[PDB]
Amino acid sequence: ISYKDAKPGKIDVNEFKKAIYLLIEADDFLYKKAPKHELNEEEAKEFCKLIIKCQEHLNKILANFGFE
């Protein structure tokens, strides 16, 4: 995957919105787990769930620019 392959396309606004909302939701962990930010298994699953779902929204965005 290279950005140089990017093709003309439309930005899916809502899909972008969902992506950044998820990182906002994940931002909580940076507060609640400060200062050492060490997560346990339950916290890890809850947190990474947010990160991964963000990446799926980002991929859908990249889909509209010729990426698959």
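Residue numbers run from 1 along the displayed sequence.
Query raised in the report: Lowest, middle or highest third of the chain for the C-alpha temperature factor of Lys17?
Result: Middle third by C-alpha B-factor.
**Report entry** Position of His57 among the chain's modelled residues by C-alpha B-factor, lowest, middle or highest third
**Finding:** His57: CA B-factor falls in the highest third of its chain.
Query raised in the report: Can you tell me which third, lowest, middle or highest, the CA B-factor of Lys36 falls into for its chain?
Result: Highest third of the chain for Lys36's C-alpha B-factor.
Query raised in the report: Should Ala44 be placed in the lowest, middle or highest third of its chain by the C-alpha B factor in the entry?
Result: It falls in the middle third of the chain.
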